[PDB]
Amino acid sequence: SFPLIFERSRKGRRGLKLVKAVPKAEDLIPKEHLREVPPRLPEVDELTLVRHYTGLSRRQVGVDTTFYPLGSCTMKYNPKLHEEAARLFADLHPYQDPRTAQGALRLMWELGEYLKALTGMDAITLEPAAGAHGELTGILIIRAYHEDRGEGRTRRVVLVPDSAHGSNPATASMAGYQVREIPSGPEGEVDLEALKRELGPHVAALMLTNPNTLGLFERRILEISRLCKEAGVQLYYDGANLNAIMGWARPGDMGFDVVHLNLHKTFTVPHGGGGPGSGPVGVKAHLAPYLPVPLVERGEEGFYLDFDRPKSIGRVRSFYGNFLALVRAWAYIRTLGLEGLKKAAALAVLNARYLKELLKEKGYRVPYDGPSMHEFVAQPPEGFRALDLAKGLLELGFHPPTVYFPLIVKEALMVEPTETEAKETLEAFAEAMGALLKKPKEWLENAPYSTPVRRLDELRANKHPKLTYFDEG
């Protein structure tokens, strides 16, 4: 049991006291503009505040406490060094004179240079706030590209594989595009024949992750690129799985026109229980003029925010980007260097393949298993549902991998251990997965048992949703 911050409140109780002499409201703002009924915010002292949130953190797990093999998330260690690095630029105002923010602008420029170098793009925007935001940015760019060529009325559809993440097709809609989903081949890679059938003057772009969401590298990627080029279709790169190939291969050399990266995934920026993140977008020179404004350029006086871009799609969010996260990523790269990043990708791949071997030894299956990259997708043996095994893992002190995704594999167990997890950790995880199969169906169906809370009534929460403490409306 744990109380709500609102239940801890006591009428009239004060917490922080930030004002010595509080002015009288009516001396500052006109009566009819004044709030009559105070918001029902909690009224607690600082000690209570600390115990509350510290108590909540203790009813929570994270990479700092548990192995998180979540495919499509790259739950790698978030170095504490980066938190210290970020506090160093906390006191900077986005509208302060640029000549006094050179350190910050320089960092933004360098980061952009490193990311382009690792991705093979010619220009880049560090403005978008997350991966999906980068997707919306890239697609809008691709759209502005076609429109600037008189095909804005014909290029109406976006193509995504049946294994694509939900945000890909969702983005198409936000960009006003129609979306068609192409099926995967028997190996789990792109079906060229089905692709060649869809390609045409009506397709604006093809969204892909490489490796794909099955953890497999698209071996015919160059061919796929060639087909797209002749049809005039823009090839979009979802960088969710960039961790698998950092420093070994670049999407740009694969033929991708536009790219988005997830700093809060591949580059150690902390997940923060949902966010915030950063979704930089890199593009080839022919799509560069459509980039959202402003761009960080290196000039004579120094670095500056460039707004003089006539074909720009405009603004995708306020200011210039989640700077403090950019600091985290800059720190990571300047720490590992090229060799460091390559080693990280190789071991990220080795941990995934090695663990794939352990789970198969335990009886788990892998429908699509060519040389697995940074992640892989397994299925439990007939008779076991992923949902239950996941809960069983929770009971055993482990955290389940991603479940029921990609959508093309029943009882999908999408596993991504990342390079920061140790050998013995992968083995302990595999052991736990093997043990759960030797547990009775009823035990699995009623797990967890020891967690702060057991399975929740998902039904009641959807039929009678109580969305706030006051449940107004």
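Numbering starts at 1 and runs along the sequence shown.
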query	finding
Stretch with the higher entry mean CA B-factor, where the candidates are 125 to 133 and 162 to 170	162 to 170
Higher-B stretch (mean Cα B-factor, as the entry records it), 327 to 335 or 171 to 179	171 to 179
Per the PDB entry, maximal CA B factor within 96, 379, 312, 102	379
Residue with highest C-alpha B-factor in the PDB entry, from 59, 31, 51, 423	31
Within-chain third of residue 271 by Cα B-factor, per the entry	lowest
Ranked against its chain, the third holding the CA B-factor of residue 258	highest
Relative C-alpha B-factor of residue 452, binned into the chain's lowest, middle or highest third	middle
Third of the chain, ranked by Cα B-factor, where residue 431 sits	middle
Third of chain Cα B-factors occupied by residue 23	middle
